[PDB]
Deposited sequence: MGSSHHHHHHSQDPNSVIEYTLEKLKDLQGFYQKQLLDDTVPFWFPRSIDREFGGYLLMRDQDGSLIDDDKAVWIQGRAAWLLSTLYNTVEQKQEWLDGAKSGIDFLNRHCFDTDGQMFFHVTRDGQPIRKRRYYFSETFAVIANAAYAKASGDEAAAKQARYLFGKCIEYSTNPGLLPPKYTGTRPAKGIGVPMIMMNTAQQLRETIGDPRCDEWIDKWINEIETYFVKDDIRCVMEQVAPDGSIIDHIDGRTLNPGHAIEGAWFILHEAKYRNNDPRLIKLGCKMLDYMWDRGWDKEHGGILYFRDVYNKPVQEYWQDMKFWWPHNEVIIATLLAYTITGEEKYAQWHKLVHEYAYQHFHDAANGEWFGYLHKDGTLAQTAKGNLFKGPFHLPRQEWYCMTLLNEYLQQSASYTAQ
């Protein structure tokens, strides 16, 4: 049972991990004093395995430092750290056609450019949070400008057309962060549209499933890619929705939507043999072909930790406390590196470490610190209401 006492202990646990373990692993040592931005591709002991810079993570790291400055402690070095990432994005991470790169060298030369625009969304939330921390009007203007571009990209884009849940999900969280930092009048109405898109097209009540992609009419694509589910990704969307429910005075309709997405994908995603959240599943339980389908990655566990704790504090249903205990204990016992700090990223299905790196092209200071920060803040709010 999750008593107020137990929740007080959890609150302090997440706060301690975030500020004494997770953040100090990255900062300030990751600040690139020569070229700006952050050097984040680090091995278990903090040594660099690469000096390249993932553009998504540059924005995510700048967003995190600004968010800590805004909501934890106005530490100058966090503000200076955030600005370094903001400046690096503006100086080096935009191609001549206006689209952002995905992967650049230490000194900002382009390695790869992806068609999509997730790079832009993370620049939005970085600039929005930094603008609030610093009062920089150029960053606020940039955040709103890029937000409008992302809205256009999402509405004005192979004989098998598919739509992905990732677009409405990322745009929803981008809009939420923009709203909660500097504000934008478009946030609420577009969040409504993206929630409706998730509910209408991707949430399947008859088979108790949340899809990753569907046909334009919402139907299931009964092929290898179309059948492939990502439980952690669906549950990330679930807590985005629960977060919106909380913002809207605990809107019961959004609570039911968020909770059933969580219920559906916990059942499909939790590994009953070894524990943990499996990376991919198949809607019809056909063999999943993506090679890492049964691996245990860090970030699905971060998102399910948030979602279960948030669902519990909203609904008081003890099952979400039980699920939270399971995923919390599994994740901190399997991913956390007590020796060097932070979390390993990649475990085999059975929980054994696959490789020792803690940052790369995809992992950095985002999913874990966000989870510890969100849970710390959530429980502080919850406990000061009781």
- line: Comparing deposited sequence to modelled residues, the uncovered ranges are 1 to 18, 176 to 183, 413 to 418
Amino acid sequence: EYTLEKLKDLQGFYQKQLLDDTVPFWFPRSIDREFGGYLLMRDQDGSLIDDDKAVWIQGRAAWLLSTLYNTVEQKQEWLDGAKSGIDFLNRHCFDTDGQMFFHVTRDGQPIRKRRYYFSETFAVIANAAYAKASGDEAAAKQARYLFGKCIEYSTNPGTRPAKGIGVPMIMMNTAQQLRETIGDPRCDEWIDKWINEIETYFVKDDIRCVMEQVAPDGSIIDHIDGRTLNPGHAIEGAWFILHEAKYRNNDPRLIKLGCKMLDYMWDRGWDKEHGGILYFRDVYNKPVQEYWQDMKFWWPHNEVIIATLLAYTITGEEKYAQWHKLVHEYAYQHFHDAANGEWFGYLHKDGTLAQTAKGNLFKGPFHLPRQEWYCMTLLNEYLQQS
From here on, numbers count along this sequence of modelled residues.
- prompt: Which has higher Cα B-factors on average according to the PDB entry: 260 to 268 or 88 to 96?
  reply: 88 to 96
message: So, looking at the entry's B-factor column for Cα atoms, which has the higher mean, 241 to 249 or 116 to 124?
response: 116 to 124
message: So if I compare the CA B-factors in the entry for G345, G351, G59, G341, which one is the largest?
response: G341
message: I'd like to know which of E303, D205, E77, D282 has the highest C-alpha temperature factor in the PDB entry.
response: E77
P161 CA temperature factor, ranked by third within the chain: highest
task: Among all modelled residues of this chain, ranked by Cα B factor, put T155 in the bottom, middle or top third, i.e. lowest, middle or highest.
output: highest
- line: Sorting the chain's modelled residues by C-alpha B-factor and splitting them into thirds places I31 in the highest
message: What third of the chain does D50 rank in for C-alpha temperature factor, lowest, middle or highest?
response: lowest
field: Third assignment of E372 from its chain's C-alpha B-factors
entry: lowest
